[PDB]
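Input: a single structure, listed below in C-alpha cells.
Every residue, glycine among them, receives a Cβ derived from its backbone with ideal geometry; neighbour counts consider all protein chains shown. Read-outs: derived from the displayed coordinates by stated rules, not from any lab.
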Amino acid sequence: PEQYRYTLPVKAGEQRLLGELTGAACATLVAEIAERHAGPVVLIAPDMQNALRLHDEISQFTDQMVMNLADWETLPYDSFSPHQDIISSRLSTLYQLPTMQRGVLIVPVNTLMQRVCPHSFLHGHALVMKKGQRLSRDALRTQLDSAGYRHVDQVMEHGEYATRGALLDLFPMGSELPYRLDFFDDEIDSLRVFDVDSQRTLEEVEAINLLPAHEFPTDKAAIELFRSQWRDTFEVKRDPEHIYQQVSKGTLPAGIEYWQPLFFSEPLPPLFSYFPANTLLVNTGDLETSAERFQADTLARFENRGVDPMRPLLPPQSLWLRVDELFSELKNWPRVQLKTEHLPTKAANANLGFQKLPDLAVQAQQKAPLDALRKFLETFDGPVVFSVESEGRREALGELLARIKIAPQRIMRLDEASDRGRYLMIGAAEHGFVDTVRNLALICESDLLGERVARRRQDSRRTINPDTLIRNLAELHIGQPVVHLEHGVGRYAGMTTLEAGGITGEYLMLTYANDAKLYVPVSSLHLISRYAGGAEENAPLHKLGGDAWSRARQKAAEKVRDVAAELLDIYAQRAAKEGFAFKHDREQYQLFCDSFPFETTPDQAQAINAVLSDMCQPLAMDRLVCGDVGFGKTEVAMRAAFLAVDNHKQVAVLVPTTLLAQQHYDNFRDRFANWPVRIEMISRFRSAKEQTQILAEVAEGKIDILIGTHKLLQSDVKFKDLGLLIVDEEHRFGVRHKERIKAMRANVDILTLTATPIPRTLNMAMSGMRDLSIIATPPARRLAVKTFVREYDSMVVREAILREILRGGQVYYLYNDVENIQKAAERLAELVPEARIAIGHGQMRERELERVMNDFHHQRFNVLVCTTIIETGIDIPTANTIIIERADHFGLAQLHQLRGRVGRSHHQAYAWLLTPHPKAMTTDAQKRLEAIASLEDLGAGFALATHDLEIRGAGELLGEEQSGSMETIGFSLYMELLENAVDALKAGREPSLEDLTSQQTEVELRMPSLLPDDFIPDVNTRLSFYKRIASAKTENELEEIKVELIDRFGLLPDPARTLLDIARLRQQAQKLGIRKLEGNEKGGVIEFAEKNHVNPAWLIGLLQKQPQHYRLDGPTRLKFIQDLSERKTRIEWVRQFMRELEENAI
C-alpha cells in the first residue's frame, strides 16, 4: 500500500536510516532515492574505492545522471600536480553543480572535506564562443593564455591549444573532446570536434564553453596577488627553486595545487557551498572513522613535509575542513544513511527486505552441475533477472541457461519484471541479492560461476598503430637507425633546405659510416624505412658508396628463398598424408569446460577452435600458438589434451626446463581434477627407479598424459597409442634435441606453444607454409606514465606506495632477488604498515594467478612483490605504480616492457626505476636509464619496443639463420623480400624476382615541391607526410592525404598542391613508362622506358600536325616546346599531356 517502508528526509539533520541491504542493494536504492525527489542526491562514499565501483552500479538501475566529483588523487602536500582529465572533470562538475536539478553525484569523504574554489571564480572566468563571434584568432590566443592554457604544436591533452595558420585547435577544460576552430576575416567561421589521435575532424558543432585551465587563476593579476599573500604568510628567498620565485617567473611548480588558497583573497569555501537548495545527501559506512583518519594523515603530512625551506606549507585549515566543520556543515542537509546490519525499530528507520542469494554456483563435481540453479528456478514464483556485464557475456548465459531449458526475456529497467518471468539485464552489477519486500531475484555471473576477474579488453581509446610509427616514421628522433634501399642502414640526422636550380627543396639528412652524410630528396623518401631489428642498440652502419650492402641485400634474398622452399614442400607433404580424426562430442567438451568458468578472449577462442579443428581433420596437425601468460593461455593446451584423451589416446608434453615441467604438471593436475585422467611427469624431480616404474606404466597405456624434460627424449620411451604431442617453447631445446624432436613428430598431431608473439604481417605471409594461431598482446596505448630514476630511498618507496593506496589502487614491486623474497615482503610491510603485501613467485600456476588477481580486485591486498618481469605481466587494471628495486640490470627491452605494465586512461600512472650507488652502476646502464627517464608518457618507444619483441619472436619461428639477415637489412625489407619469395614460389616462378627495385621515376617541373615551414612547423610531422605521399600508390591515397592536410592545417599552399600533384604525375608516369620527365619555362623532355605504352600513330600524328611543339631526340627521348612561363600553366599542360598520352595508350 504505501509505495515503500521509508519516507525521504527534508530538513537539516533529518536522517532516515535504511537497513539490511546486501550486494547490488545500495546500487538499486540510490537509484530509486534519485527518482522520487525533485532534487539532486549527493552520495557521499566512505572511500574512493567504493565510489568508483558505485558509479557503474547505480548507472545500471537508472536513466538518470550518475556523476562523480573526482579527487586530485595526489597526496596532501604532494610533489605532483593533478592529472589534467581529473581537473577538467572537476571544473566541469563544480561549474554545473549549483544548477544541478536532478540526479546523483558521488563524493568520497576524502574529497568532500577538501575545499573548493569560490563560485565567483568559475562563473566569472567562464566564456562562450559560437558559429560567428567577433573574436580575432590572435585575440583568443591571448585570452587562452590568460585562462592559463598551454601553447602546444599538436594539442593532445586538456588545457592545450595549438596554432596552424587559418586554424586554432584547443582542448577546453570543461569538455570531453577538443575543438578545431578555423577563422575568416576576424570572424570565427566554424567549430569542429576532433579526435586527438586521428587529429581529423569528427562531428560538426556550433557552440563551445570555455572554463579556466585550473582551479585557480593564472593571469597577470593572480600572480601579483599570489606574491603578496605569500609575503604575507612565509619568508621569501632568492634561490631559483623557491615556490615564490617560481610562481613569479610565470611558472607552475609541481605540487602547487596545495597552495590554491594564495591565488585568492577570499577563503576557499566548503564544497557544500555548491550544493543546490533541494539537495539530498546519502550515506554509506561511517564517515567519522574515515573522516578522522584523513584529518590525521593530513596533519601528519603537515609536520613532516613542512620542513623544506623552499616549500613552506599552509595550515590544514586553509585546504581542508576539520572533522568538526564537516559534520557541522553536514547537519544542514537531510540525509539517508545506508547500512547493511539489521536496524532496531526506531520510528525513523526502515529495514528493507533484502537477503543474500542462495548458493547457486555451478559444481563441476556433481553429475548435475546446474541443478542448484535448476531447482531454485522451478521452486520460485517471482522474477529472477540475470545481470550480465557485456553483450558478449549475455551470450555466455544463453549457452549456459540453455542447458536447463531457460532462454530469458530481456528487460532494460527492472520494473518490467513480473511473476514467473526470467529476465536478463546488461549491467555493471558484480553480484546479486534477493528481494524479500517484493520477492525478486538478481543473479549476476559471479553468483553463478565462482568469481570474476577485473579486466576490460577495449583499447580503441588510445591505440598506437603498429604500422604508422614504422611505415611513416612518425616519431623519428635524431640518431635512430634508418634504412635506404639503395645504400643501407644510416642514422637520421634531420631535415635541411637546400638550393637546386634556384628552387628551394627539402631534403632528409641521413648519416652513414665515417659521418658520410647522404641527402635524400623528399620525393624519394619511398626508399626509406625505419630500422626494425630486435636490437636498436646494435645496428649496421653501412659505408656510403660501399659494396657490403648490395651483397647483404642478396645473401638475404638467397636465404629467404631457401626458407620459403623448405617450408612449402613440408606443408604440402603433410597435406597429402593420412592422419587421425578425433571426433569431439559437444557434451563431453562442455563439461570439461565447466572446470574453467572464465571468459575467453576472442583471439584465444579463435585458437582453441582452430586447434580443435586441425585435430578433427584426417591430417596430422602441426600448429603453433603464440600468446602471453594471461589467465587462461593454458586452456588451448588443456583442451587439446582433453580431446586426445577423450579418444583414448595418450598425450606427451615436452618442455625445456624442469621448473616448467613441474608447473605444467601442476596445472594439468588441477585442470583434470574432476576427471579420471592419470597424469605423470618425468624430470629431474624423479629418481631413475621411479622413471622406470613410470615409463613402464606409459607403455602399458596406463598413463594418459606424460610431461617431461628432454629426458623424455634421452630414453626410448614406448607409448601404447600416442596421439598428441605438445611442445612448449621448442625454440630453446638445443640442436641435438631439436632433431630428436622432428623425429618424434611424424605420425602424430603436434602442437607447439610459445610466449614471444609474432608480427601481424608475418602472419598472412605464412598462410599456407606454417599453420599458426596468434593470441595478440593487447595494443600499446598512449597513457600517462611518469617514469623516474632515483637511487634507492625508502622514503620514496613509501610515499610512492602510499600515493597509490590512497586512491584505491595497487602497486607492483619487482625486487632485487638478493635475499629471501619472504623477508623483503616483511621489510616492506614494516616500512608501509598502512599497506598489505602479497608475494608473486615465478611460474605462477593458474590457481595462484586467479587467487592473486581476485584478492587485488577486493582490495584484500594492495602491493604485490614480484621476482621476474613475467610476473609483472599479470592483469591488474588498478595497479598503476610499478617499482623496480634494481632497475639498472635491465635493458630498454625490458624496462619499456615493465614501464607499460602500469597505466589507466584519464589517470596518472607512475614508475620508479630505482638504482644503487653511482659506483655500483655500469657506465652503459647509467646512460640506458637516463634515456627513458626522459620520456614523459607512454607513447612511441613502448609501442616500438613492443614491435621489436614480436620480431625476435619472428627470428625464433624462422631460425637463427633468418634472424641474421633480419638484423642485417631490417625486418621491414626482409618481410618485403619474403612476402615476395612466397607469392613467387607459390605461383610457380622463381625468387630472383629482384623486381623489388623501383622504376626510378623522376618527375621534375622546376617549381617548388614541398611542405612549407610555416604550413607544418613540426619537422617530424612534415616528414611523416612526405613518406606517406612518396609511398602513396593510388590516386585516392593522394587525395585522402590531401583532405587530411586541409582539414588539419587548412588552406593548401602552392608548394603543397605542387608536391601532391607532381606526386600524382610520377605515378601516371610509371603506368605509362616514362623513366623521367623534365619540364621548364620553355617546354621539357620526356624520357621513355623500353617498355612503354605510347601509341606511335598518336605520336607521329603529333609530330606532324604540331612540329613547332614536339621534336624527337634519340630513340628514347621526346622534347616538347610550349609556353610554360607561369608555374601554374606548366603543371596544367604536363597533366593534360599525361591525360592525352594515356587516353591513347596501347
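Observations on the structure shown:
- Solvent-free Debye scattering, log10 I(q)/I(0), computed from the Cα coordinates of the range 1093-1144 at q = 0.17, 0.18, 0.26 Å⁻¹: -0.57, -0.64, -1.19
- Between the C-alpha center of the range 875-936 and that of the range 985-1017 there is a gap of 40 Å.
- Two-decimal Rg/Rh across the range 492-612, once Rg and the Kirkwood Rh are taken from alpha-carbon atoms: 1.26
- Gyration tensor (alpha-carbon) shape descriptor, the range 353-451, a/c threshold 1.5: rounded
- A full extension of the chain between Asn439 and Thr497 corresponds to an added length of 13.0 nm, given 0.36 nm per residue minus the alpha carbon distance.
- FRET efficiency, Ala605 to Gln1070 (Cβ-Cβ, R0 51 Å, nearest 0.05): 0.70
- Pairwise FRET efficiency - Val152 versus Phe184, Cβ, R0 = 22 Å, nearest 0.05: 0.40
- Positive-pole candidate from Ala396, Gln365, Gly427, dipole of the range 353-451, charges at beta carbon: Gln365
- Mean-position separation - Cα centroids, the range 162-215 and the range 82-108, in angstrom: 22
- Under the convention that each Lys and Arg Cβ holds +1 and each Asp and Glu Cβ holds -1, the size of the dipole of the range 525-650 around its Cα centre is about 560 debye.
- Between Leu527 and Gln101, the modelled labels are 6.9 nm apart [label points 7 Å from Cα along Cα→Cβ].
- When only Cα pairs below 8 angstrom with a gap of at least 6 residues are kept, the range 1-135 shows a relative contact order of 29 percent.
- Here, P(r) means the percent of Cα pairs in each 5 Å bin from 0 to the largest distance; for the range 538-777 it is 1, 6, 12, 16, 19, 16, 11, 7, 4, 3, 2, 1, 1, 0.
- Cα gyration tensor shape of the range 126-214, rounded if a/c is under 1.5, else prolate or oblate by comparing a/b with b/c: rounded
- Normalised by the number of residues in the range 538-777, the average gap of Cα pairs under 8 Å and 6 or more apart makes the relative contact order 28 percent.
- Cut-off 18 Å (backbone N to label point 7 Å along Cα→Cβ of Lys220), residues of the range 131-147: 138-147
- Here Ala581 and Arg860 are evaluated by their C-beta separation; at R0 = 41 Å the FRET efficiency comes out at 0.30.
- Alpha-carbon Debye profile of the chain, log10 I(q)/I(0) at 0.09 Å⁻¹: -1.32
- Anisotropy class of the range 577-671 from Cα gyration tensor, a/c 1.5 cut: rounded
- Extension gain from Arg456 to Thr289, taking 0.36 nm per residue of separation minus the Cα-Cα distance: 56.8 nm
- The mean sequence separation of alpha-carbon pairs under 8 Å and at least six residues apart, normalised by the residue count of the range 209-349, gives a relative contact order of 27 percent.
- More than 14 angstrom apart: percent of Cα pairs within the range 101-144: 72
- Subtracting the Cα-Cα distance of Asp721 and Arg684 from their residue separation scaled by 0.36 nm leaves 10.8 nm.
- Centroid-to-centroid separation of the range 452-488 and the range 330-357 [C-alpha atoms, Å]: 55
- Student exercise, the chain dipole from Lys, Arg, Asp, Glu Cβ charges, in Debye to nearest 20: 1100
- With each label modelled as a point 7 angstrom along the Cα→C-beta vector, the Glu1142-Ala254 pair spans 5.8 nm.
- Dipole-positive endmost among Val902, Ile1029, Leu695 within the chain (Cβ charges, Cα centre): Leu695
- In a DSSP loop and with at most 16 other Cβ atoms within 10 Å, the GluC sites (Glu not before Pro) in the range 361-391 are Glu378.
- Label sites at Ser767 and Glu961, each approximated as a point 7 angstrom past Cα along Cα to Cβ, lie 2.7 nm apart.
- Charge context of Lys130, other residues only, Cβ under 12 angstrom, K/R +1, D/E -1: -1
- Computed about its Cα centre, the charge dipole of the range 479-537 is approximately 40 debye, with only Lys, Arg, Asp and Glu carrying charge at their Cβ.
- Positive-end residue of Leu783, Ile570, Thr872, charge dipole of the chain with Cβ unit charges: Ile570
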